[PDB]
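**Q** Experimental structure and sequence below, a few questions after.
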Amino acid sequence: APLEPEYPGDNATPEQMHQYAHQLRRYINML
């Protein structure tokens, strides 16, 4: 069930943040 991911820490490194936000836009766009 690939839907709404989970934010990486209150403010994770640009790397982890990019991964999460990436999947977010990827999913929303996937559907």
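**A** Thanks, I have it. Numbers count the residues shown, from 1 in each chain.
**Q** And the helices in this protein, which stretches?
**A** Taking DSSP state H, the helices of the chain run over residues 14-30.
**Q** Name the nearest residue to the residue nearest the centre of it, ignoring sequence neighbours.
**A** Note on the chain: the residue nearest the mean C-alpha position is residue 20, at 2.2 Å, using Cα atoms, centre = their mean. Counting by Cβ to Cβ, 6 or more residues apart in numbering, residue 8 is the residue found nearest to residue 20 once chain neighbours are left out, at 4.7 Å. Placement of C-beta: from N, CA and C, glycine included.
**Q** and the gap between residue 29 and residue 10?
**A** If you measure residue 29 against residue 10 using Cβ to Cβ, to the nearest Å, the figure is 26 Å.
**Q** which ones are touching residue 9?
**A** residue 16 (Cβ atoms under 8 Å, 6 or more residues apart in numbering).
**Q** From residue 29, how far out is residue 11?
**A** Summarising the geometry, the distance separating residue 11 from residue 29, computed by Cβ to Cβ, is 24 Å.
**Q** and what of residue 1?
**A** In this structure, residue 1 and residue 29 are separated by 17 Å, where distance is defined by Cβ to Cβ.
**Q** who's more crowded, those two?
**A** With other Cβ atoms under 10 Å as the criterion, residue 1 and residue 29 differ in neighbour count, and residue 29 comes out ahead with 7 against 3.
**Q** What's the separation between the more buried one and residue 9?
**A** 24 Å.
**Q** ok, now residue 24?
**A** Between residue 24 and residue 9 the distance, using Cβ to Cβ, works out to 15 Å.
**Q** now do residue 22
**A** The gap separating residue 22 from residue 9 is 16 Å, by Cβ to Cβ.
**Q** And residue 16, by the same measure?
**A** Noted for residue 16: a distance of 7 Å to residue 9, by Cβ to Cβ.
**Q** show me the contacts for the closest residue to residue 24 other than its chain neighbours.
**A** If the residues on either side of it in the chain are set aside, residue 24 comes closest to residue 5, at 5.5 Å by Cβ to Cβ, 6+ apart. Counting by Cβ under 8 Å, 6+ apart, residue 5 touches 20, 23, 24, 27.
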